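Enquirer: Just passing along the structure, written as structure tokens.
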Amino acid sequence: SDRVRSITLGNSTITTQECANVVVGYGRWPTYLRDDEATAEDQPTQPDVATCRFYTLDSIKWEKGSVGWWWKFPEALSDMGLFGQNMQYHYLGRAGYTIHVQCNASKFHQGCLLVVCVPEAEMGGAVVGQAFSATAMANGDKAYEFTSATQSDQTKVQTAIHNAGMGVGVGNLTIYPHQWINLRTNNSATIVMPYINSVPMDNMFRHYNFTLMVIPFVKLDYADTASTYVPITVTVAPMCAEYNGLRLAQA
Amino acid sequence: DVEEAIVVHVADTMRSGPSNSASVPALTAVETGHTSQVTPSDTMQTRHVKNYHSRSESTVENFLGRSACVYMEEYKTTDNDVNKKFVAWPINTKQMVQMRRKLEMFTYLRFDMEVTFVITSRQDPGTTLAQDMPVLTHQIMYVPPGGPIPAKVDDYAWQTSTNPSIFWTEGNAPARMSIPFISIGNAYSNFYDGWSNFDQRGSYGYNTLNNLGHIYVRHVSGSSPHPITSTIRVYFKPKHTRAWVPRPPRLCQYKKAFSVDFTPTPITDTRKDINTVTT
Amino acid sequence: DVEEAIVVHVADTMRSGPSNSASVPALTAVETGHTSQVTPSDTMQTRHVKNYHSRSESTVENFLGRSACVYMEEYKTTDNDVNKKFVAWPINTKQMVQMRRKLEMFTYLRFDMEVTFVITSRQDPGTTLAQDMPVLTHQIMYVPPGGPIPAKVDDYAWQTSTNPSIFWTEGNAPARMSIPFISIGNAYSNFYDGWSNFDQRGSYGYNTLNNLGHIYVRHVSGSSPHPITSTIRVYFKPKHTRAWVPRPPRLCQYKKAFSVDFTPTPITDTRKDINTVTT
Amino acid sequence: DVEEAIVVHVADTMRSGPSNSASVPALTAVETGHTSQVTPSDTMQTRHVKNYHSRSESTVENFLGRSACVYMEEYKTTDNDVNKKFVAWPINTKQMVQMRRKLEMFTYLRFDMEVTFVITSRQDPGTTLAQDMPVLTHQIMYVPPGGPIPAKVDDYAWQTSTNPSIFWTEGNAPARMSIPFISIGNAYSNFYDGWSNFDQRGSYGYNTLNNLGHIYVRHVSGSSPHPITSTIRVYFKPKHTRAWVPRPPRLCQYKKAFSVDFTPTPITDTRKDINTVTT
Amino acid sequence: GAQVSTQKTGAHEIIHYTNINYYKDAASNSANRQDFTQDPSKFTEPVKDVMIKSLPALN
Amino acid sequence: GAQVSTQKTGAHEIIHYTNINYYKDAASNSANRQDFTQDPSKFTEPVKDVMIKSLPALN
Amino acid sequence: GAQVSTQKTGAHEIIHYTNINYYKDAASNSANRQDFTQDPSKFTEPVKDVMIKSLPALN
Amino acid sequence: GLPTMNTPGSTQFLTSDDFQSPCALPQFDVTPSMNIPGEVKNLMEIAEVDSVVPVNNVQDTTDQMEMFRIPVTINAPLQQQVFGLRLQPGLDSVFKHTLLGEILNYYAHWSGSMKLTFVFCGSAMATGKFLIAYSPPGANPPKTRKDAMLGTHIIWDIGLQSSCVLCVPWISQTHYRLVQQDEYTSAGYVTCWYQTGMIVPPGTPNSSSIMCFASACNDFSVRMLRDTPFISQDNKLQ
Amino acid sequence: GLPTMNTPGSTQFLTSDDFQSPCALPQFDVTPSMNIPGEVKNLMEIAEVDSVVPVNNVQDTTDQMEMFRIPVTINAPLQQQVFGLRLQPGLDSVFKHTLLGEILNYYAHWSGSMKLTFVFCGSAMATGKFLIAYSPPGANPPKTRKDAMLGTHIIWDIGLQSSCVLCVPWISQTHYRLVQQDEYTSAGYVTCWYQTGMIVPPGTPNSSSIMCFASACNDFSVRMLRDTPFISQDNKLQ
Amino acid sequence: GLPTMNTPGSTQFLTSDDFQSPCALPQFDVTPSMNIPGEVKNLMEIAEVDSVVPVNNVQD
Ligand SMILES: CCCCCCCCCCCCCCCC(=O)O
Ligand SMILES: CCCCCCCCCCCCCCCC(=O)O
Ligand SMILES: CCCCCCCCCCCCCCCC(=O)O
Ligand SMILES: CCCCCCCCCCCCCC(=O)O
Ligand SMILES: CCCCCCCCCCCCCC(=O)O
Ligand SMILES: CCCCCCCCCCCCCC(=O)O
């Protein structure tokens with residue numbers, strides 16, 4: 001059967017028994033930087049198994065009135081194991097990712113989720129002009145919620161769901177690497193993202209490589225059951241990570 | 001040595017007959033992120049058709065290979081305000097909506113540039129207009145970042161020894177030139193989801209990566225007894241284009257030249273009901 | 001590799017002598033729809049003549065290969081009425097009588113096009129004309145069907161990023177360009193005996209198939225203290241022409257630009273009687 | 001016979017591992033006048049890097065191969081003062097600061113020259129400006145040292161039989177020409193630490209070796225009823241350049257056109273203390 | 001890349017001219033006004049059975 | 001030093017044009033608007049395991 | 001009489017250009033801005049005895 | 001020198017020309033190229049990707065996300081219409097702003113076939129059959145299922161496979177169609193009807209939703225670039 | 001004659017063009033060439049020569065020559081900073097006017113590694129050790145030696161060899177950096193600390209000085225010529 | 001560049017000239033050709049067809 005998948009990174013394993021295929025970025029698998037594309041001269045460090053492993057990114061509740069959530073990477077892993085330490089101590093970084101989203105429900109539930117990775121998901125403020133701090137869209141592994149109505153608070157991002165916070169039609173996000181979680185058929189989604197940027201390496205604190213979004217297109221529904229909510233969990237594993245430019249910590 | 005010698009067409013349609021089998025090309029699963037590759041030949045009887053249509057005009061090279069206005073400004077030959085006798089524009093592609101939207105369909109771009117300047121002049125209205133003035137001449141100066149900037153129409157900075165410049169006389173063909181790929185990175189970035197300072201503070205967005213320089217324009221030595229106003233238009237034309245990571249076209253109207261800010265907009269227009277099909 | 005190397009004449013006359021036989025070349029029957037192929041050699045004694053005349057100038061390529069005016073309009077640099085400062089013409093070939101009649105000798109045509117623009121300016125009369133104005137500049141914009149249309153001389157639509165345009169300065173040679181065969185069908189149709197709606201209702205005639213777009217013209221930024229009027233003339237010149245199904249030339253004068261409507265006309269002029277042969 | 005057929009890249013970085021030996025590449029002695037040739041590979045572990053950067057734009061040919069203004073002056077078509085109707089400039093490169101500093105980074109230079117002239121005209125203000133004047137024409141005359149010099153706009157000397165000249169009409173492209181290496185010595189000298197007389201007396205410095213001639217300019221025959229002022233700008237562009245003996249760039253501002261005189265200047269700017277590193 | 005072909009006769013009768021294409025679109029070429037083939041049978045003899053001029057038409 | 005290449009078809013269908021470069025910088029050349037290769041698999045088929053259209057998708 | 005030589009690389013990387021001289025004086029030619037040879041030893045290593053980087057300088 | 005004469009078109013500025021021009025930065029060394037993932041070479045590659053179609057434009061949608069879902073109910077008359085729409089990919093409000101309509105709106109002509117993919121997002125225990133039909137251009141759109149079934153159609157059975165594809169063939173009198181479609185270049189209608197009805201067991205929701213995806217086939221092509229009418233400005237941005 | 005048509009850019013004067021032009025002195029005989037010593041063919045050759053860096057800019061220097069010498073003392077706390085500076089070769093006041101900064105100020109982009117050479121000019125009987133460290137860009141410059149030693153550094157031992165070389169590697173995210181450096185293209189800091197302390201015998205001065213030399217490596221390069229902002233005039237010189 | 005001089009007739013617009021000009025729609029794909037019946041290549045073909053002559057012009 002092709003509905004079973006198993007993934008082994010480092011000292012951690014993921015098993016799914018009811019799942020769809022695996023989506024691989026833009027057809028490219030993660031890989032190390034070549035000698036003819038590098039620019040930095042000093043030797044890189046490659047922790048390997050110490051950093052390339054699955055980390056569980058806390059959990060959220062799917063209610064009948066949920067609208068959606070987003071996470072920004074690699075900020076979401078900024079304080080997670082030795083990956084966070086290497087991020088803190090190094091000037092430059094580079095790594096691909098494997099994203100696994102778990103959501104399971106009985107055969108009597110219904111609903112559909114869109115899982116999509118958006119590279120360079122620049123967002124606009126709630127009030128045209130003005131400005132917002134780096135806390136309205138990234139504060140660690142905590143998830144940020146979209147809003148059904150137009151946002152009004154000037155201190156946070158425009159969370160109107162139907163625009164995806166980017167001024168574009170929410171229905172066109174299918175162009176990015178994506179997958180669907182339809183409760184009739186599957187309970188997980190797997191995406192492998194290569195490193196995408198305009199430069200060989202970049203500082204992992206200053207720049208958000210990509211944004212993960214989970215959006216319920218068909219809202220959850222059920223009847224006459226004791227289960228009131230459907231938890232959603234996100235797991236991420238860096239791949240082929242390497243760092244450069246050791247200095248004092250913090251960033 | 002003297003002469004060296006240097007079509008695709010869309011897929012044809014194959015004849016298909018009646019079928020009765022266990023294969024089900026029509027049934028699929030979108031949950032995999034896979035777009036179905038079925039063709040009409042797989043769901044109905046079809047005749048053999050030889051197509052000669054080509055997708056020549058849909059290439060990115062042709063799509064982006066059209067000159068588009070990016071900036072216009074006015075400057076006067078003589079006036080009391082010093083700042084109003086010359087122009088000073090920080091180069092960017094976010095000023096004009098149409099070309100901005102054309103470009104922002106991709107995340108990263110790499111191309112050479114062809115720049116064309118269109119300059120026109122007109123006499124300002126007044127109570128006395130009778131004068132005789134010879135043909136005017138204009139100078140366009142390009143100052144890479146960090147270079148000296150002129151503060152007045154007759155400053156010393158206009159004596160460019162290393163900054164490229166063009167002198168153009170009215171009545172001739174518009175000025176033109178070519179520019180190579182002048183980015184420090186491996187590609188231009190239309191979007192930048194990041195900050196300037198390492199502690200996530202300061203400027204945010206594409207504004208951080210715009211360091212292309214300035215353009216200055218003046219009348220060389222024309223100073224008429226009565227004011228004359230000139231307008232310059234700048235046109236950009238990408239060449240040898242390459243693009244990566246397409247992204248959906250924008251839906252909301254633009255409101256700032258250096259920000260993504262917007263106002264929420266409906267997904268689309270409405271109709272009477274889900275069955276209405278008439279006009 | 002460097003150099004690759006790429007007359008008909010009418011039929012000659014053959015010598016013919018006296019004849020006395022059962023063959024009757026002169027007698028035929030027009031009821032068959034057949035045009036007789038007899039020659040003078042078949043009905044009288046003739047000498048041998050070697051003709052060198054050729055029908056070179058009668059080919060459709062040469063017949064239709066002449067530039068002809070198709071439209072002219074005027075627009076002013078400054079005025080109170082906004083609509084009178086620019087032109088907007090839906091492209092068609094029925095406006096001018098001579099080229100219209102030349103084209104309508106065939107039912108279907110297929111050709112490339114060469115378009116030339118002639119622009120002239122003149123100062124409007126008035127009580128005070130003393131002014132000094134630099135050379136004017138003009139823009140010609142082509143908008144394929146469905147594109148945005150400018151509503152005023154300084155609208156945003158004039159910043160073409162994809163619509164082709166030409167900027168021309170007075171005193172130079174006229175503007176010119178080439179256009180390929182841009183019909184959705186396999187050939188242009190001068191006549192269309194049909195309706196727009198499937199139940200035989202709506203628009204009737206050639207008007208249904210005219211979807212070639214529009215042409216817009218303006219002064220780029222010229223706005224003189226006193227009004228100035230400019231006139232543009234458009235000339236078309238078919239190239240690489242092919243024609244099918246010839247039809248008789250029109251007899252009645254034209255009366256509508258998008259209809260065949262006419263007034264009945266006599267077949268020809270009259271004379272005193274059937275035997276009158278003098279002047 | 002018809003066709004005859006005519007990159008460097010910076011050094012790569014080699015992989016380096018841990019070391020423990022008696023060799024000490026980092027330790028040296030500047031007292032020898034020797035600049036150390038160590039590379040990062042000699043003091044830390046490095047990866048293999050293939051550089052494709054080239055030093056193409058740093059060559060002296062490209063560094064000095066840009067047109068720079070060297071002189072501008074004004075002359076009027078009609079005036080009461082005879083000396084104010086034409087220009088007379090002794091050729092030298094010390095008038096304009098930027099190109100002067102670019103040149104004085106070397107002690108000796110040898111190159112061909114490309115000279116371009118930009119001329120513009122404007123009507124002087126006055127109580128009555130209404131006139132009609134045809135296009136003006138200008139003459140540029142070059143007089144090698146010792147030749148006759150004109151004393152007025154209509155002198156006989158302007159009938160050059162051997163002095164090269166250019167006649168230029170307004171509205172066309174700027175005038176241009178090429179000049180070979182015209183020095184009596186084997187190379188131009190920017191600096192000359194010596195005297196003119198053999199007993200160490202007289203003129204001192206570069207002024208002694210400047211014997212390049214003069215340039216004269218006039219309106220050919222234009223003499224308008226009302227004054228008109230014209231300005232000429234001269235641009236130099238070295239070609240086929242060779243340079244010897246580099247010297248440090250100047251620090252103090254220039255104060256004389258034919259002397260090295262200066263005012264003492266601080267070495268550089270100051271900061272709060274030797275440990276201050278913040279903005 | 002240069003085509004050489006004869007030019008139409010004229011008075012007093014190297015009757016050769018050279019042509020080169022500069023643009024990438026065939027629509028930019030100059031008119032091909034030197035083809036002189038023609039066939040009037042489509043309009044003069046549209047009948048099915050061949051008719052001999054010397055013979056009588058109807059029977 | 002002269003390149004000869006075919007030009008796009010047009011109505012009525014020497015379909016050859018000549019090009020020479022005059023400047024020393026490759027940025028000065030004209031647009032290369034005659035490349036027509038394309039491959040949509042990067043966006044339409046980004047999955048890992050190959051999917052056969054005739055077979056059922058999930059199992 | 002025509003020289004053919006390579007032109008500098010550019011984005012997207014016939015990289016050849018043609019040149020002909022029209023005037024009788026070599027001073028009229030265009031700039032030769034394609035020579036890239038260089039040797040800094042005249043200014044960086046003007047010493048008489050060769051110095052080995054790995055060895056100690058003075059003795 | 002060499003005699004010459006200028007022809008018409010001299011000194012003109014045509015925005016779509018191809019000419020060589022001098023370089024303003026001679027001998028500039030460009031940054032080395034790098035193979036970033038996801039290179040796009042032709043816009044049809046973008047046009048061939050699926051995107052969600054907002055079919056439910058019922059003029060009273062207080063929630064924008066409700067546009068994407070098509071309602072379905074357990075008890076309905078034996079023959080009933082689920083939805084109906086005009087096949088005008090570049091002009092109809094349904095397809096206007098999709099990932100395909102946006103690309104089409106930059107061009108004037110289009111041709112080729114289209115794919116409509118429907119996905120059932122009900123409970124795993126729900127079942128049903130639907131008839132999806134394409135009716136070529138005509139004087140009257142179908143009013144009943146009896147009429148609809150005379151055209152091209154497919155019977156969709158809901159089971160383990162959640163999706164079915166209706167491939168709209170290219171049936172036209174002309175090689176190309178206008179994006180600003182008029183009556184001359186009409187393209188037809190698409191309608192969906194109940195085939196058997198939706199049946200559910202006890203303990204399940206009584207309503208379900210469907211979604212539609214639109215994309216182009218491998219024989220799709222466009223022509224005649226033009227400016228899109230969706231974006232405009234009144235003043236220079238600052 | 002030969003038909004032709006002018007394209008945009010006719011009759012323009014571009015200051016960086018390359019065209020042939022007539023000679024005003026036909027058949028002029030130039031003076032024979034002579035091989036003068038010290039030919040320079042590329043400005044990087046000049047940039048690769050050492051020059052003294054004025055590190056001691058303490059805002060109260062009454063004597064200009066005092067700028068070039070860095071003070072050192074016999075008795076100091078166990079860990080103490082000798083000097084600190086920003087690595088902005090074309091913008092920082094320390095490197096602004098050096099032989100390398102002057103060359104850089106004519107260009108807009110730069111890349112490659114750098115050499116800093118330090119020479120001890122104390123008595124022959126004096127001795128000591130110093131730690132010289134380079135800290136790549138970050139949110140905070142080092143405040144103590146403990147922080148500094150985490151980056152690239154070298155321990156310098158003063159002996160018969162009077163000089164030591166700190167080679168600053170090229171660690172950057174982009175191939176090139178702006179000369180007018182901004183926060184996006186920061187380059188880091190350089191600091192020097194006491195490692196053991198300076199010890200002297202009886203009968204020697206209690207203070208000593210160090211000097212710094214700056215030069216470029218063999219992989220250095222520049223790009224994008226521009227006019228230098230260091231020189232200006234208000235009137236024509238006479 | 002290459003020295004040249006313009007001759008009489010420069011910048012004139014002659015309605016019967018044959019010159020190449022730039023294309024305003026680069027790389028446009030024309031519709032495939034189809035052999036419609038009844039192609040006419042020379043006007044003499046039309047002239048060689050019979051037509052009824054109105055000889056009886058008797059003014060009444
Ligand atoms: C996101 C857009 C990036 C495109 C890169 C644009 C770089 C601008 C280069 C040309 C600017 C100067 C043009 C004037 C030059 C001259 O007239 O001297
Ligand atoms: C029956 C006549 C059919 C002939 C086809 C005519 C099609 C018109 C094509 C050219 C229209 C636009 C010309 C202006 C183009 C430009 O200036 O940008
Ligand atoms: C230190 C600078 C030395 C460079 C040598 C400059 C020599 C000047 C040569 C040209 C001077 C005359 C130019 C005008 C000639 C003409 O218009 O007739
Ligand atoms: C854009 C093409 C410009 C061609 C310029 C005129 C021809 C110059 C080369 C001489 C003719 C040889 C042509 C060939 O080799 O086919
Ligand atoms: C700066 C180059 C000018 C070239 C002028 C047009 C070409 C003239 C020579 C004829 C074509 C032959 C070219 C070649 O030999 O490769
Ligand atoms: C004064 C010289 C004018 C040259 C005109 C352009 C070249 C025309 C001939 C074609 C190129 C061949 C040159 C050659 O045979 O070396």
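For the structure tokens, the naming scheme is as follows: chains receive sequential letters (A, B, ...) according to their order of presentation, residues are indexed from 1 within each chain, and ligands are indexed from 1 in presentation order.
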Taking only C-alpha atoms and all ligand atoms into account, report as a ChimeraX atom specification which residues have an atom no farther than 7 Å from an atom of ligand 5.

Expert: /B:1-2 /D:2-3 /F:1-2,22 /G:2,4,18-20

Enquirer: Can those selected residues be exported to a file as a PDB file, in the first residue's frame so that it contains N, CA, C and O atoms?

Expert:
ATOM      1  N   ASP B   1      33.362  31.540 -40.498  1.00  0.00           N
ATOM      2  CA  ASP B   1      34.218  32.696 -40.211  1.00  0.00           C
ATOM      3  C   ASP B   1      33.493  33.987 -40.545  1.00  0.00           C
ATOM      4  O   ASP B   1      33.532  34.931 -39.768  1.00  0.00           O
ATOM      5  N   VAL B   2      32.849  34.039 -41.699  1.00  0.00           N
ATOM      6  CA  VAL B   2      32.098  35.213 -42.082  1.00  0.00           C
ATOM      7  C   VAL B   2      30.654  35.027 -41.696  1.00  0.00           C
ATOM      8  O   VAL B   2      30.035  35.920 -41.132  1.00  0.00           O
TER       9      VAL B   2
ATOM     10  N   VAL D   2      39.629  38.487 -44.571  1.00  0.00           N
ATOM     11  CA  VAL D   2      38.400  39.209 -44.336  1.00  0.00           C
ATOM     12  C   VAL D   2      38.137  39.274 -42.855  1.00  0.00           C
ATOM     13  O   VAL D   2      37.799  40.323 -42.324  1.00  0.00           O
ATOM     14  N   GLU D   3      38.301  38.146 -42.184  1.00  0.00           N
ATOM     15  CA  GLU D   3      38.096  38.095 -40.745  1.00  0.00           C
ATOM     16  C   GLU D   3      39.242  37.511 -39.956  1.00  0.00           C
ATOM     17  O   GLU D   3      39.539  36.329 -40.073  1.00  0.00           O
TER      18      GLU D   3
ATOM     19  N   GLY F   1      31.680  36.736 -38.456  1.00  0.00           N
ATOM     20  CA  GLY F   1      31.189  37.395 -37.275  1.00  0.00           C
ATOM     21  C   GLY F   1      29.731  37.680 -37.410  1.00  0.00           C
ATOM     22  O   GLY F   1      29.152  38.318 -36.547  1.00  0.00           O
ATOM     23  N   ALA F   2      29.130  37.198 -38.481  1.00  0.00           N
ATOM     24  CA  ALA F   2      27.716  37.457 -38.718  1.00  0.00           C
ATOM     25  C   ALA F   2      26.911  36.191 -38.457  1.00  0.00           C
ATOM     26  O   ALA F   2      27.226  35.129 -39.002  1.00  0.00           O
ATOM     27  N   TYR F  22      27.998  45.105 -32.434  1.00  0.00           N
ATOM     28  CA  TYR F  22      28.885  46.243 -32.625  1.00  0.00           C
ATOM     29  C   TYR F  22      29.598  46.677 -31.355  1.00  0.00           C
ATOM     30  O   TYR F  22      30.603  47.391 -31.446  1.00  0.00           O
TER      31      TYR F  22
ATOM     32  N   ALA G   2      38.645  42.906 -40.874  1.00  0.00           N
ATOM     33  CA  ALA G   2      37.710  42.967 -39.759  1.00  0.00           C
ATOM     34  C   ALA G   2      38.208  42.088 -38.620  1.00  0.00           C
ATOM     35  O   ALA G   2      38.513  40.911 -38.830  1.00  0.00           O
ATOM     36  N   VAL G   4      37.499  40.089 -35.125  1.00  0.00           N
ATOM     37  CA  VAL G   4      36.431  39.445 -34.372  1.00  0.00           C
ATOM     38  C   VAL G   4      37.001  39.015 -33.029  1.00  0.00           C
ATOM     39  O   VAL G   4      38.025  38.327 -32.978  1.00  0.00           O
ATOM     40  N   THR G  18      32.268  42.542 -33.910  1.00  0.00           N
ATOM     41  CA  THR G  18      33.104  42.843 -35.062  1.00  0.00           C
ATOM     42  C   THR G  18      33.528  44.301 -35.031  1.00  0.00           C
ATOM     43  O   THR G  18      32.745  45.177 -34.657  1.00  0.00           O
ATOM     44  N   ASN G  19      34.773  44.556 -35.422  1.00  0.00           N
ATOM     45  CA  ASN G  19      35.343  45.893 -35.414  1.00  0.00           C
ATOM     46  C   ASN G  19      36.106  46.138 -36.706  1.00  0.00           C
ATOM     47  O   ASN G  19      36.800  45.250 -37.203  1.00  0.00           O
ATOM     48  N   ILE G  20      35.966  47.345 -37.246  1.00  0.00           N
ATOM     49  CA  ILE G  20      36.688  47.772 -38.437  1.00  0.00           C
ATOM     50  C   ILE G  20      37.176  49.193 -38.212  1.00  0.00           C
ATOM     51  O   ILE G  20      36.465  50.015 -37.624  1.00  0.00           O
TER      52      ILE G  20
END

Enquirer: For range 190-197 of chain A, work out the shell of residues within 8 Å, counting only C-alpha atoms and skipping chain neighbours fewer than 5 positions away, then give it as a list in words.

Expert: residues 21, 22, 23, 24, 25, 26, 28, 29, 30, 31, 94, 95, 96, 97, 98, 99, 100, 101, 119, 177, 178, 179 and 209 of chain A; 36 and 37 of chain H

Enquirer: Can you tell me, as number ranges by chain, what residues are no more than 9 Å from residue 68 in chain B when counting only C-alpha atoms, ignoring any on the same chain fewer than 6 positions away?

Expert: B: 96, 98-99, 234-237; C: 159-162; H: 15

Enquirer: Keeping only C-alpha atoms, write the selected residues to a file as a compact mmCIF listing (two decimals), in the first residue's frame.

Expert:
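The resulting out33.txt:
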# COMPACT_ATOMS: atom_id res chain seq x y z
CA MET B 96 4.06 53.25 -11.28
CA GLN B 98 1.25 48.75 -14.03
CA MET B 99 4.92 47.81 -14.31
CA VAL B 234 11.86 57.42 -17.74
CA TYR B 235 11.16 54.07 -19.43
CA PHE B 236 12.60 50.70 -18.39
CA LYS B 237 12.86 47.61 -20.60
CA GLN C 159 1.79 54.76 -19.05
CA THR C 160 1.67 51.73 -21.35
CA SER C 161 3.53 48.76 -19.90
CA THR C 162 2.21 46.26 -22.46
CA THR H 15 8.18 50.71 -27.09

Enquirer: Skip range 34-41 of chain G itself and residues of its chain fewer than 2 positions away, then list as an MDAnalysis selection string all residues within 12 Å of it, counting only C-alpha atoms.

Expert: (chainID D and resid 6:10 34:37 54:62 240:241) or (chainID F and resid 24:25) or (chainID G and resid 5:8 30:32 43:48 50) or (chainID H and resid 26:28) or (chainID I and resid 38:49 216:218)

Enquirer: Measuring between only C-alpha atoms, which one of A:245, A:111, A:81, A:124 shows the shortest distance to chain H?

Expert: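 Ranked by minimum distance to chain H, first place goes to A:111.
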
Enquirer: Residues near residue 36 in chain J, anyone? I mean within 9 Å using only C-alpha atoms, not counting same-chain ones fewer than 4 positions away, as a VMD selection string.

Expert: chain C and resid 108 244 to 245

Enquirer: Env of residue 23 in chain I: 6 Å cut, atoms = only C-alpha atoms, seq-sep filter 3 positions within chain, self excluded. Answer as a list in words.

Expert: residues 177, 178 and 179 of chain D; 28 of chain G; 26 of chain I

Enquirer: Those residues with C-alpha atoms, as a PDB file, in the first residue's frame please?

Expert:
ATOM      1  CA  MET D 177      37.904  64.930 -32.539  1.00  0.00           C
ATOM      2  CA  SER D 178      40.998  62.922 -31.653  1.00  0.00           C
ATOM      3  CA  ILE D 179      44.426  64.230 -30.665  1.00  0.00           C
TER       4      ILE D 179
ATOM      5  CA  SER G  28      41.479  57.598 -34.050  1.00  0.00           C
TER       6      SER G  28
ATOM      7  CA  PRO I  26      46.911  63.907 -39.526  1.00  0.00           C
TER       8      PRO I  26
END

Enquirer: Which neighbours of residue 82 in chain H fall inside 12 Å, counting only C-alpha atoms, when residues of the same chain fewer than 3 positions from it are skipped, and could you give them as a ChimeraX atom specification?

Expert: /B:273-276 /H:55-56,69-73,76-77,79,85,129-133,144-145,190-195,197-198,209-211

Enquirer: List all protein, DNA and RNA residues that have at least one atom no more than 6 Å from any atom of ligand 1, counting only C-alpha atoms and all ligand atoms, and write them as number ranges by chain.

Expert: B: 93, 140-142, 164-166, 179, 188, 190, 212

Enquirer: Taking only C-alpha atoms into account and nothing else, which residues of chain G lie no more than 7 Å away from chain B? Please answer as an mmCIF file with C-alpha atoms, in the first residue's frame.

Expert:
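Output (iface.cif):
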data_model
loop_
_atom_site.group_PDB
_atom_site.id
_atom_site.type_symbol
_atom_site.label_atom_id
_atom_site.label_comp_id
_atom_site.auth_asym_id
_atom_site.auth_seq_id
_atom_site.Cartn_x
_atom_site.Cartn_y
_atom_site.Cartn_z
ATOM 1 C CA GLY G 10 26.591 39.538 -19.111
ATOM 2 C CA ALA G 11 23.374 38.308 -17.545
ATOM 3 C CA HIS G 12 22.130 35.021 -18.923
#

Enquirer: In Å, rounded to a single decimal, give me how far atom 13 (C, counted along the ligand's line) of ligand 6 is from CA of residue 4 in chain H.

Expert: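 These atoms are spaced 18.3 Å apart.
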
Enquirer: Hey, can you check how far CA of residue 225 in chain C sits from CA of residue 11 in chain H?

Expert: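 Taking CA of residue 225 in chain C and CA of residue 11 in chain H, their separation equals 27.7 Å.
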
Enquirer: Taking into account only C-alpha atoms, which residue in the set A:44, A:27, A:65, A:140 is nearest to chain H?

Expert: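 With only C-alpha atoms as the atom set, the closest residue is A:27.
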
Enquirer: What residues in range 62-210 of chain I get the DSSP label alpha helix (DSSP H)? Please answer as a list in words.

Expert: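 Matching residues for alpha helix (DSSP H) in range 62-210 of chain I are residues 93, 94, 95, 96, 99, 100, 101, 102, 103, 104, 145, 146, 147 and 148 of chain I.
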
Enquirer: Do me a favour and pick out the residues of chain B within 12 Å of chain D, using only C-alpha atoms, as a PyMOL selection string.

Expert: chain B and resi 1-3+77-78+128-139+148+156-173+219-227

Enquirer: When DSSP is applied to the backbone of this structure, which of range 83-225 of chain A are assigned strand (DSSP E or B)? Write them out as a PyMOL selection string.

Expert: chain A and resi 90-102+110-119+125+144-145+147+157+160+168+178-182+188-193+202+207+210-221

Enquirer: Can you check which residues of chain H have any atom within 7 Å of chain I? Use only C-alpha atoms and format it as a PyMOL selection string.

Expert: chain H and resi 3-7+9-13+22+24
